[PDB]
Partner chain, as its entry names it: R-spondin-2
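Only one chain is shown below, in structure tokens, and it's the form deposited without its partner chain.
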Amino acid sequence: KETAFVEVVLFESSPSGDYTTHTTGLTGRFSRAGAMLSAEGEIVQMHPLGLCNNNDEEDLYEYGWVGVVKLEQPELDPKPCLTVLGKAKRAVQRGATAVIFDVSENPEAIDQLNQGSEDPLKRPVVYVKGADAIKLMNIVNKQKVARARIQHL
């Protein structure tokens, strides 16, 4: 639906106490399964098979993380553990302040999500594609310790 401006911040401390930052802006869109809210947190890269309640608890994630999930070619998962819409549920259920899906290689996700007017989540679910997704992932993949800032309207 409405636009989801997203900033990604890489940050190093300097000896002089102060932080340095690089920062990259992405456009994204807000799903109807999520709340159309601003939100901000440390980015966590969730494995699409890593958001599975097949396993009870994975590791510790401190409350308030931005969960980023790079979606797979649907063809390559016939037998999943969780819906696109119930993966979001669990991350949120587990501290995520926002969820971000790179649906580049699975655009049907959009609909499943955007036809989610049955019990939507308190926290935002955002999807990205195109050149906007390329960046994110090139940042998440290559990076480690990065903070996302998702703004609404």
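Numbering follows the first chain given and starts at 1.
In what follows, reference is made to the form solved in complex with its partner chain, a form of this protein that is not presented.
Checking 26, 46, 126, 113 against its partner chain in the deposited complex, a heavy atom within 4.5 Å turns up for just one residue: 46. Contact between residue 146 and its partner chain in the deposited complex is found at the 4.5 Å heavy atom cutoff.
In the deposited complex, its partner chain sits within 4.5 Å of a heavy atom of residue 59. Its partner chain in the deposited complex is approached by residue 50, whose closest heavy atom lies within 4.5 angstroms of it. Shown here without its partner chain, the chain has no residue in 83-105 lying with a heavy atom within 4.5 Å of that partner in the deposited complex.
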